[PDB]
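Content type PDB, N, CA and C atoms and all ligand atoms, from the file target_32.pdb:
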```pdb
ATOM      1  N   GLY A   1     -15.645  -0.295 -12.017  1.00  0.00           N
ATOM      2  CA  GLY A   1     -15.545  -0.560 -10.563  1.00  0.00           C
ATOM      3  C   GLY A   1     -15.070   0.657  -9.797  1.00  0.00           C
ATOM      4  N   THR A   2     -14.950   0.524  -8.486  1.00  0.00           N
ATOM      5  CA  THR A   2     -14.558   1.639  -7.636  1.00  0.00           C
ATOM      6  C   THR A   2     -13.053   1.664  -7.384  1.00  0.00           C
ATOM      7  N   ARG A   3     -12.283   1.261  -8.383  1.00  0.00           N
ATOM      8  CA  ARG A   3     -10.833   1.285  -8.284  1.00  0.00           C
ATOM      9  C   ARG A   3     -10.263   2.368  -9.193  1.00  0.00           C
ATOM     10  N   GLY A   4      -9.794   3.448  -8.585  1.00  0.00           N
ATOM     11  CA  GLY A   4      -9.217   4.538  -9.345  1.00  0.00           C
ATOM     12  C   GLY A   4     -10.210   5.656  -9.605  1.00  0.00           C
ATOM     13  N   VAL A   5     -11.145   5.853  -8.681  1.00  0.00           N
ATOM     14  CA  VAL A   5     -12.144   6.909  -8.827  1.00  0.00           C
ATOM     15  C   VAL A   5     -11.578   8.245  -8.357  1.00  0.00           C
ATOM     16  N   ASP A   6     -11.333   8.359  -7.060  1.00  0.00           N
ATOM     17  CA  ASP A   6     -10.761   9.576  -6.485  1.00  0.00           C
ATOM     18  C   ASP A   6      -9.239   9.499  -6.499  1.00  0.00           C
ATOM     19  N   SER A   7      -8.691   9.047  -7.611  1.00  0.00           N
ATOM     20  CA  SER A   7      -7.272   8.763  -7.681  1.00  0.00           C
ATOM     21  C   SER A   7      -6.583   9.551  -8.786  1.00  0.00           C
ATOM     22  N   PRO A   8      -5.595  10.379  -8.413  1.00  0.00           N
ATOM     23  CA  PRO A   8      -4.690  11.010  -9.369  1.00  0.00           C
ATOM     24  C   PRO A   8      -3.735   9.972  -9.939  1.00  0.00           C
ATOM     25  N   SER A   9      -3.266   9.099  -9.058  1.00  0.00           N
ATOM     26  CA  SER A   9      -2.459   7.964  -9.452  1.00  0.00           C
ATOM     27  C   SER A   9      -3.367   6.786  -9.805  1.00  0.00           C
ATOM     28  N   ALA A  10      -4.325   7.032 -10.696  1.00  0.00           N
ATOM     29  CA  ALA A  10      -5.283   6.010 -11.104  1.00  0.00           C
ATOM     30  C   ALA A  10      -4.572   4.820 -11.730  1.00  0.00           C
ATOM     31  N   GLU A  11      -3.485   5.105 -12.437  1.00  0.00           N
ATOM     32  CA  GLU A  11      -2.678   4.070 -13.068  1.00  0.00           C
ATOM     33  C   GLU A  11      -2.138   3.095 -12.039  1.00  0.00           C
ATOM     34  N   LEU A  12      -1.791   3.613 -10.873  1.00  0.00           N
ATOM     35  CA  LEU A  12      -1.265   2.779  -9.811  1.00  0.00           C
ATOM     36  C   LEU A  12      -2.394   2.322  -8.899  1.00  0.00           C
ATOM     37  N   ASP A  13      -3.609   2.428  -9.427  1.00  0.00           N
ATOM     38  CA  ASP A  13      -4.824   1.957  -8.765  1.00  0.00           C
ATOM     39  C   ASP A  13      -4.988   2.587  -7.381  1.00  0.00           C
ATOM     40  N   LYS A  14      -4.694   3.898  -7.290  1.00  0.00           N
ATOM     41  CA  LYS A  14      -4.873   4.678  -6.052  1.00  0.00           C
ATOM     42  C   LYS A  14      -3.800   4.343  -5.013  1.00  0.00           C
ATOM     43  N   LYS A  15      -3.235   3.149  -5.148  1.00  0.00           N
ATOM     44  CA  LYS A  15      -2.393   2.549  -4.129  1.00  0.00           C
ATOM     45  C   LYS A  15      -3.178   2.478  -2.827  1.00  0.00           C
ATOM     46  N   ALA A  16      -4.408   2.002  -2.934  1.00  0.00           N
ATOM     47  CA  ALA A  16      -5.256   1.770  -1.777  1.00  0.00           C
ATOM     48  C   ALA A  16      -4.814   0.538  -1.013  1.00  0.00           C
ATOM     49  N   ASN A  17      -4.902  -0.584  -1.694  1.00  0.00           N
ATOM     50  CA  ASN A  17      -4.587  -1.884  -1.118  1.00  0.00           C
ATOM     51  C   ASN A  17      -3.082  -2.110  -1.035  1.00  0.00           C
ATOM     52  N   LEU A  18      -2.457  -1.485  -0.053  1.00  0.00           N
ATOM     53  CA  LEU A  18      -1.030  -1.589   0.122  1.00  0.00           C
ATOM     54  C   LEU A  18      -0.653  -2.617   1.170  1.00  0.00           C
ATOM     55  N   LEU A  19       0.525  -3.144   0.976  1.00  0.00           N
ATOM     56  CA  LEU A  19       1.246  -3.934   1.952  1.00  0.00           C
ATOM     57  C   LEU A  19       2.688  -3.572   1.710  1.00  0.00           C
ATOM     58  N   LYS A  20       3.637  -4.118   2.439  1.00  0.00           N
ATOM     59  CA  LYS A  20       4.982  -3.653   2.206  1.00  0.00           C
ATOM     60  C   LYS A  20       6.029  -4.735   2.354  1.00  0.00           C
ATOM     61  N   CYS A  21       7.057  -4.551   1.550  1.00  0.00           N
ATOM     62  CA  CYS A  21       8.219  -5.399   1.481  1.00  0.00           C
ATOM     63  C   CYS A  21       8.794  -5.659   2.863  1.00  0.00           C
ATOM     64  N   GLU A  22       8.686  -6.901   3.332  1.00  0.00           N
ATOM     65  CA  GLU A  22       9.252  -7.304   4.623  1.00  0.00           C
ATOM     66  C   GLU A  22      10.781  -7.177   4.664  1.00  0.00           C
ATOM     67  N   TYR A  23      11.358  -6.498   3.682  1.00  0.00           N
ATOM     68  CA  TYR A  23      12.765  -6.155   3.725  1.00  0.00           C
ATOM     69  C   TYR A  23      12.896  -4.658   4.036  1.00  0.00           C
ATOM     70  N   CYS A  24      12.917  -3.831   2.993  1.00  0.00           N
ATOM     71  CA  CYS A  24      12.987  -2.373   3.156  1.00  0.00           C
ATOM     72  C   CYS A  24      11.754  -1.766   3.824  1.00  0.00           C
ATOM     73  N   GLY A  25      10.590  -2.341   3.595  1.00  0.00           N
ATOM     74  CA  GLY A  25       9.402  -1.874   4.293  1.00  0.00           C
ATOM     75  C   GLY A  25       8.655  -0.789   3.547  1.00  0.00           C
ATOM     76  N   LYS A  26       8.889  -0.691   2.248  1.00  0.00           N
ATOM     77  CA  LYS A  26       8.214   0.298   1.421  1.00  0.00           C
ATOM     78  C   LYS A  26       6.835  -0.194   1.015  1.00  0.00           C
ATOM     79  N   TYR A  27       5.854   0.703   1.093  1.00  0.00           N
ATOM     80  CA  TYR A  27       4.466   0.366   0.799  1.00  0.00           C
ATOM     81  C   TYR A  27       4.195   0.548  -0.680  1.00  0.00           C
ATOM     82  N   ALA A  28       3.461  -0.390  -1.238  1.00  0.00           N
ATOM     83  CA  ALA A  28       3.188  -0.401  -2.659  1.00  0.00           C
ATOM     84  C   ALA A  28       1.930  -1.194  -2.924  1.00  0.00           C
ATOM     85  N   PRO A  29       1.298  -1.001  -4.089  1.00  0.00           N
ATOM     86  CA  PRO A  29       0.128  -1.780  -4.453  1.00  0.00           C
ATOM     87  C   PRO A  29       0.501  -3.244  -4.577  1.00  0.00           C
ATOM     88  N   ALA A  30      -0.235  -4.075  -3.842  1.00  0.00           N
ATOM     89  CA  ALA A  30      -0.002  -5.531  -3.765  1.00  0.00           C
ATOM     90  C   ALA A  30       0.321  -6.172  -5.118  1.00  0.00           C
ATOM     91  N   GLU A  31      -0.163  -5.565  -6.184  1.00  0.00           N
ATOM     92  CA  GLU A  31       0.083  -6.035  -7.541  1.00  0.00           C
ATOM     93  C   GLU A  31       1.576  -6.029  -7.896  1.00  0.00           C
ATOM     94  N   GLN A  32       2.341  -5.162  -7.244  1.00  0.00           N
ATOM     95  CA  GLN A  32       3.759  -5.019  -7.527  1.00  0.00           C
ATOM     96  C   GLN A  32       4.557  -6.020  -6.691  1.00  0.00           C
ATOM     97  N   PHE A  33       3.847  -6.773  -5.863  1.00  0.00           N
ATOM     98  CA  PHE A  33       4.491  -7.712  -4.965  1.00  0.00           C
ATOM     99  C   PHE A  33       4.582  -9.064  -5.644  1.00  0.00           C
ATOM    100  N   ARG A  34       5.329  -9.057  -6.740  1.00  0.00           N
ATOM    101  CA  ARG A  34       5.528 -10.228  -7.578  1.00  0.00           C
ATOM    102  C   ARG A  34       6.430 -11.240  -6.882  1.00  0.00           C
ATOM    103  N   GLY A  35       6.950 -10.849  -5.727  1.00  0.00           N
ATOM    104  CA  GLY A  35       7.708 -11.767  -4.901  1.00  0.00           C
ATOM    105  C   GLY A  35       6.787 -12.627  -4.052  1.00  0.00           C
ATOM    106  N   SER A  36       5.621 -12.946  -4.621  1.00  0.00           N
ATOM    107  CA  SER A  36       4.602 -13.751  -3.960  1.00  0.00           C
ATOM    108  C   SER A  36       4.188 -13.125  -2.631  1.00  0.00           C
ATOM    109  N   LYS A  37       3.933 -11.813  -2.682  1.00  0.00           N
ATOM    110  CA  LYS A  37       3.348 -11.069  -1.566  1.00  0.00           C
ATOM    111  C   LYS A  37       4.172 -11.242  -0.291  1.00  0.00           C
ATOM    112  N   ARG A  38       5.433 -10.865  -0.382  1.00  0.00           N
ATOM    113  CA  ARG A  38       6.364 -10.922   0.735  1.00  0.00           C
ATOM    114  C   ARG A  38       7.291  -9.730   0.629  1.00  0.00           C
ATOM    115  N   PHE A  39       7.717  -9.480  -0.597  1.00  0.00           N
ATOM    116  CA  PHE A  39       8.605  -8.393  -0.909  1.00  0.00           C
ATOM    117  C   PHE A  39       8.103  -7.704  -2.160  1.00  0.00           C
ATOM    118  N   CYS A  40       8.576  -6.500  -2.393  1.00  0.00           N
ATOM    119  CA  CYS A  40       8.344  -5.813  -3.643  1.00  0.00           C
ATOM    120  C   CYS A  40       9.120  -6.538  -4.760  1.00  0.00           C
ATOM    121  N   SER A  41       9.416  -5.857  -5.856  1.00  0.00           N
ATOM    122  CA  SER A  41       9.764  -6.507  -7.118  1.00  0.00           C
ATOM    123  C   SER A  41      11.121  -7.256  -7.080  1.00  0.00           C
ATOM    124  N   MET A  42      11.988  -7.037  -8.061  1.00  0.00           N
ATOM    125  CA  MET A  42      13.079  -7.983  -8.318  1.00  0.00           C
ATOM    126  C   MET A  42      14.221  -7.818  -7.336  1.00  0.00           C
ATOM    127  N   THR A  43      14.782  -6.619  -7.279  1.00  0.00           N
ATOM    128  CA  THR A  43      15.893  -6.309  -6.384  1.00  0.00           C
ATOM    129  C   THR A  43      15.673  -6.873  -4.978  1.00  0.00           C
ATOM    130  N   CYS A  44      14.526  -6.569  -4.407  1.00  0.00           N
ATOM    131  CA  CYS A  44      14.214  -6.959  -3.044  1.00  0.00           C
ATOM    132  C   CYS A  44      13.920  -8.452  -2.881  1.00  0.00           C
ATOM    133  N   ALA A  45      12.975  -8.987  -3.660  1.00  0.00           N
ATOM    134  CA  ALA A  45      12.597 -10.391  -3.533  1.00  0.00           C
ATOM    135  C   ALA A  45      13.790 -11.311  -3.760  1.00  0.00           C
ATOM    136  N   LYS A  46      14.573 -11.032  -4.799  1.00  0.00           N
ATOM    137  CA  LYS A  46      15.740 -11.850  -5.101  1.00  0.00           C
ATOM    138  C   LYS A  46      16.794 -11.732  -4.004  1.00  0.00           C
ATOM    139  N   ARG A  47      16.823 -10.593  -3.306  1.00  0.00           N
ATOM    140  CA  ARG A  47      17.878 -10.335  -2.337  1.00  0.00           C
ATOM    141  C   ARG A  47      17.659 -11.180  -1.090  1.00  0.00           C
ATOM    142  N   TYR A  48      16.407 -11.566  -0.885  1.00  0.00           N
ATOM    143  CA  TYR A  48      16.053 -12.428   0.232  1.00  0.00           C
ATOM    144  C   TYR A  48      16.252 -13.893  -0.154  1.00  0.00           C
ATOM    145  N   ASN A  49      15.999 -14.193  -1.428  1.00  0.00           N
ATOM    146  CA  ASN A  49      16.101 -15.553  -1.957  1.00  0.00           C
ATOM    147  C   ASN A  49      15.095 -16.474  -1.279  1.00  0.00           C
TER     148      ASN A  49
HETATM  149 ZN    ZN A 101      11.862  -3.882  -1.142  1.00  0.00          ZN
END
```
Let me see whether you can do it: turn the structure in this file into structure tokens.
Ligand SMILES: [Zn+2]
Amino acid sequence: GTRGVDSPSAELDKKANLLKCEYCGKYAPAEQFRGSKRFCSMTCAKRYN
């Protein structure tokens, strides 16, 4: 597929499809938004509860 073609950070899937933690506001690949697409990973999502 066309995911990770012109990407040095191919592992992070180019970080094309970004959204960001409605807390700190850091942009990341939606895949890392394990807080059900609201916040980034553990520290942040849990901090909102
Ligand atoms: Zn965060």
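Selecting all polymer residues at most 5 Å from ligand ZN 101 (chain A), using all atoms listed in the file, gives residues 21, 24, 40 and 44 of chain A.
If you look at CA of residue 6 (chain A) and atom C of residue 38 (chain A), they are 27.4 Å away from each other.
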Which residues in chain A does DSSP call strand (DSSP E or B)? List them as an MDAnalysis selection string. chainID A and resid 18:20 27:29
Polymer residues at most 9 Å from residue 47 (chain A), only C-alpha atoms, same-chain spacing of 4 or more positions, as a list in words: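 Once the nearby chain positions are removed, what remains is residues 23, 42 and 43 of chain A.
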Selection in question (the file shown): the PyMOL selection byres (((chain A and resi 37 and name CA) around 12) and not hetatm and name CA). Which residues does it include, as an mmCIF file with N, CA and C atoms, in the coordinates of the input?
```
data_model
loop_
_atom_site.group_PDB
_atom_site.id
_atom_site.type_symbol
_atom_site.label_atom_id
_atom_site.label_comp_id
_atom_site.auth_asym_id
_atom_site.auth_seq_id
_atom_site.Cartn_x
_atom_site.Cartn_y
_atom_site.Cartn_z
ATOM 1 N N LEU A 18 -2.457 -1.485 -0.053
ATOM 2 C CA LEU A 18 -1.030 -1.589 0.122
ATOM 3 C C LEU A 18 -0.653 -2.617 1.170
ATOM 4 N N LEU A 19 0.525 -3.144 0.976
ATOM 5 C CA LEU A 19 1.246 -3.934 1.952
ATOM 6 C C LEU A 19 2.688 -3.572 1.710
ATOM 7 N N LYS A 20 3.637 -4.118 2.439
ATOM 8 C CA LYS A 20 4.982 -3.653 2.206
ATOM 9 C C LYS A 20 6.029 -4.735 2.354
ATOM 10 N N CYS A 21 7.057 -4.551 1.550
ATOM 11 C CA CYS A 21 8.219 -5.399 1.481
ATOM 12 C C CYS A 21 8.794 -5.659 2.863
ATOM 13 N N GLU A 22 8.686 -6.901 3.332
ATOM 14 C CA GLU A 22 9.252 -7.304 4.623
ATOM 15 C C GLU A 22 10.781 -7.177 4.664
ATOM 16 N N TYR A 23 11.358 -6.498 3.682
ATOM 17 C CA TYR A 23 12.765 -6.155 3.725
ATOM 18 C C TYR A 23 12.896 -4.658 4.036
ATOM 19 N N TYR A 27 5.854 0.703 1.093
ATOM 20 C CA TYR A 27 4.466 0.366 0.799
ATOM 21 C C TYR A 27 4.195 0.548 -0.680
ATOM 22 N N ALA A 28 3.461 -0.390 -1.238
ATOM 23 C CA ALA A 28 3.188 -0.401 -2.659
ATOM 24 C C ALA A 28 1.930 -1.194 -2.924
ATOM 25 N N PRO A 29 1.298 -1.001 -4.089
ATOM 26 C CA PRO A 29 0.128 -1.780 -4.453
ATOM 27 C C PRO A 29 0.501 -3.244 -4.577
ATOM 28 N N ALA A 30 -0.235 -4.075 -3.842
ATOM 29 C CA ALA A 30 -0.002 -5.531 -3.765
ATOM 30 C C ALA A 30 0.321 -6.172 -5.118
ATOM 31 N N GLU A 31 -0.163 -5.565 -6.184
ATOM 32 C CA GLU A 31 0.083 -6.035 -7.541
ATOM 33 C C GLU A 31 1.576 -6.029 -7.896
ATOM 34 N N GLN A 32 2.341 -5.162 -7.244
ATOM 35 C CA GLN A 32 3.759 -5.019 -7.527
ATOM 36 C C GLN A 32 4.557 -6.020 -6.691
ATOM 37 N N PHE A 33 3.847 -6.773 -5.863
ATOM 38 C CA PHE A 33 4.491 -7.712 -4.965
ATOM 39 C C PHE A 33 4.582 -9.064 -5.644
ATOM 40 N N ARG A 34 5.329 -9.057 -6.740
ATOM 41 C CA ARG A 34 5.528 -10.228 -7.578
ATOM 42 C C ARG A 34 6.430 -11.240 -6.882
ATOM 43 N N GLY A 35 6.950 -10.849 -5.727
ATOM 44 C CA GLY A 35 7.708 -11.767 -4.901
ATOM 45 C C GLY A 35 6.787 -12.627 -4.052
ATOM 46 N N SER A 36 5.621 -12.946 -4.621
ATOM 47 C CA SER A 36 4.602 -13.751 -3.960
ATOM 48 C C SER A 36 4.188 -13.125 -2.631
ATOM 49 N N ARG A 38 5.433 -10.865 -0.382
ATOM 50 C CA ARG A 38 6.364 -10.922 0.735
ATOM 51 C C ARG A 38 7.291 -9.730 0.629
ATOM 52 N N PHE A 39 7.717 -9.480 -0.597
ATOM 53 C CA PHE A 39 8.605 -8.393 -0.909
ATOM 54 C C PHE A 39 8.103 -7.704 -2.160
ATOM 55 N N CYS A 40 8.576 -6.500 -2.393
ATOM 56 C CA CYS A 40 8.344 -5.813 -3.643
ATOM 57 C C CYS A 40 9.120 -6.538 -4.760
ATOM 58 N N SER A 41 9.416 -5.857 -5.856
ATOM 59 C CA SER A 41 9.764 -6.507 -7.118
ATOM 60 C C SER A 41 11.121 -7.256 -7.080
ATOM 61 N N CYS A 44 14.526 -6.569 -4.407
ATOM 62 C CA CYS A 44 14.214 -6.959 -3.044
ATOM 63 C C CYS A 44 13.920 -8.452 -2.881
ATOM 64 N N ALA A 45 12.975 -8.987 -3.660
ATOM 65 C CA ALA A 45 12.597 -10.391 -3.533
ATOM 66 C C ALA A 45 13.790 -11.311 -3.760
#
```
